[PDB]
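# Coordinate analysis (summary)
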Protein chains: 62
Amino acid sequence: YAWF
Amino acid sequence: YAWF
Amino acid sequence: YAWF
Amino acid sequence: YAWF
Amino acid sequence: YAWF
Amino acid sequence: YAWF
Amino acid sequence: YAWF
Amino acid sequence: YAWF
Amino acid sequence: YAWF
Amino acid sequence: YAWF
Amino acid sequence: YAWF
Amino acid sequence: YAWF
Amino acid sequence: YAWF
Amino acid sequence: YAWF
Amino acid sequence: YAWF
Amino acid sequence: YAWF
Amino acid sequence: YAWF
Amino acid sequence: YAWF
Amino acid sequence: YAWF
Amino acid sequence: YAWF
Amino acid sequence: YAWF
Amino acid sequence: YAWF
Amino acid sequence: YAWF
Amino acid sequence: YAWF
Amino acid sequence: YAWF
Amino acid sequence: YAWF
Amino acid sequence: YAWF
Amino acid sequence: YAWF
Amino acid sequence: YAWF
Amino acid sequence: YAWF
Amino acid sequence: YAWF
Amino acid sequence: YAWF
Amino acid sequence: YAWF
Amino acid sequence: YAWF
Amino acid sequence: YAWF
Amino acid sequence: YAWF
Amino acid sequence: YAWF
Amino acid sequence: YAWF
Amino acid sequence: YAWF
Amino acid sequence: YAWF
Amino acid sequence: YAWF
Amino acid sequence: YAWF
Amino acid sequence: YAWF
Amino acid sequence: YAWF
Amino acid sequence: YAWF
Amino acid sequence: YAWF
Amino acid sequence: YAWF
Amino acid sequence: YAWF
Amino acid sequence: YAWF
Amino acid sequence: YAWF
Amino acid sequence: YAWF
Amino acid sequence: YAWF
Amino acid sequence: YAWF
Amino acid sequence: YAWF
Amino acid sequence: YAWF
Amino acid sequence: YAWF
Amino acid sequence: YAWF
Amino acid sequence: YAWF
Amino acid sequence: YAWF
Amino acid sequence: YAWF
Amino acid sequence: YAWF
Amino acid sequence: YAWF
């Protein structure tokens with residue numbers, strides 16, 4: 001879960 | 001899970 | 001799971 | 001969970 | 001949970 | 001939970 | 001919970 | 001809870 | 001667990 | 001676990 | 001757990 | 001696990 | 001747990 | 001638990 | 001618990 | 001413990 | 001613990 | 001723990 | 001733990 | 001843990 | 001862990 | 001772990 | 001692990 | 001500690 | 001600790 | 001800790 | 001910890 | 001930890 | 001951890 | 001971890 | 001890890 | 001801390 | 001901490 | 001922490 | 001942490 | 001952490 | 001972590 | 001991690 | 001990781 | 001904090 | 001924190 | 001944190 | 001965290 | 001985290 | 001994380 | 001992660 | 001990850 | 001917080 | 001938080 | 001958090 | 001978090 | 001998180 | 001996460 | 001994640 | 001919360 | 001929360 | 001949460 | 001969460 | 001979550 | 001999650 | 001998840 | 001997942 002990473003939003004970059 | 002990565003949204004890049 | 002990667003949405004790039 | 002990281003929003004960067 | 002990190003918003004940076 | 002860190003906002004930096 | 002840290003706001004730095 | 002730390003605001004620094 | 002993310003509902004977006 | 002992501003519901004988008 | 002994030003509802004955004 | 002992604003329901004999109 | 002974040003509702004943003 | 002953060003409502004922002 | 002933070003409401004900001 | 002918050003009832004809102 | 002939040003009942004909203 | 002959230003009952004919403 | 002969320003009951004929604 | 002989510003019961004929705 | 002999701003019961004939906 | 002999802003029971004749907 | 002999904003029971004659907 | 002709440003008995004409701 | 002909630003007994004409801 | 002919830003007994004419901 | 002939930003006993004329901 | 002849920003006993004249901 | 002769920003005992004159902 | 002589920003014992004059902 | 002499921003014991004059913 | 002509850003002894004019931 | 002519950003002794004029941 | 002529950003001793004039951 | 002449960003001793004049952 | 002469960003000792004049963 | 002379960003010792004049964 | 002299960003020791004049974 | 002299971003030691004049985 | 002319990003010494004039993 | 002339990003010393004038993 | 002348990003020392004038993 | 002258990003030292004047994 | 002278990003030291004046994 | 002187990003040191004046995 | 002087990003050191004045995 | 002096991003170092004035995 | 002224990003210094004032993 | 002234990003310093004032993 | 002243990003410093004031993 | 002253990003510093004040993 | 002272990003620094004040994 | 002282990003730094004040894 | 002191990003840095004040894 | 002420890003500043004050492 | 002430790003600042004060392 | 002450790003700032004060292 | 002470690003900032004070292 | 002480690003920023004080193 | 002490591003940013004080094 | 002490593003960003004190095 | 002490694003971004004190097």
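Residues numbered from 1 in each chain as written, not as in the entry; some residues may be left out. Chains lettered and ligands numbered in written order. Heavy atoms only, no water.

## Looking at the interface of chain B and chain A
- Across the boundary between the two partners, chain B contributes four residues, which contact four residues of chain A.
- For the pair chain B and chain A, the summed buried surface comes to about 440 Å²; carbon and sulfur atoms form 69% of the total.
- Contact with chain A buries area across many residues of chain B, yet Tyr1, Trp3 and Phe4 of chain B alone supply 92% of it, more than any other trio.
- The interface formed by chain B and chain A holds zero salt bridges in total.
- Taken together, the connections running from chain B to chain A amount to four residue pairs in polar contact.
- Each residue belonging to the side of chain B that touches chain A can be placed in one class, and the counts come to four nonpolar, no polar and no charged. (Contact = heavy atoms within 4.5 Å. Buried area = accessible area lost by both parts, 1.4 Å probe. Salt bridge = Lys/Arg side-chain N within 4 Å of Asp/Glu carboxyl O. Polar contact = N/O pair within 3.5 Å; in protein donor to acceptor, adjacent residues only side chain to side chain. Nonpolar A, V, L, I, M, F, W, Y, C, P; charged D, E, K, R; others polar.)

## Quick notes on the packing of aromatic side chains
- This model, assessed by the stated rule, comprises 328 aromatic pairs over all chains.
- On the numbers, 6.4 Å between centres and 10° between planes, the contact of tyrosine 1 of chain AA with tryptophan 3 of chain AA is stacked.
- Using a relative accessible area of 11% as the deciding quantity, one classes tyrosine 1 of chain AA as buried.
- An angle of 5° between the planes, with centres 5.0 Å apart, marks the rings of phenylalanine 4 of chain AG and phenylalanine 4 of chain AH as stacked.
- Residue class for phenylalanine 4 of chain AH comes out partly exposed when judged on its relative accessible area of 33%. (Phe/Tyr/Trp six-rings, centres within 6.5 Å; stacked < 30°, edge-to-face > 60°. Buried < 20%, exposed > 50% of the residue type's maximum accessible area, 1.4 Å probe, protein only.)

## So, the arrangement of the chains
- Contact between chain G and chain I is absent, and the least distance between their C-alpha atoms amounts to 19 Å.
- For the non-touching pair chain G and chain K, the nearest C-alpha separation works out to 15 Å.

## Regarding the environment of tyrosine 1 of chain BB
- On the basis of relative accessibility, which here comes to 27%, the residue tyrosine 1 of chain BB falls in the partly exposed class.
- Not counting residues within four places of it along the chain, the set of residues in contact with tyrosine 1 of chain BB comprises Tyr1 of chain AT, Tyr1 of chain AU, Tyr1 and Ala2 of chain BA, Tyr1 of chain BH together with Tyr1 of chain BI.
- Polar side-chain contacts of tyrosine 1 of chain BB include one of 3.4 Å to the backbone nitrogen of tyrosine 1 of chain BH.

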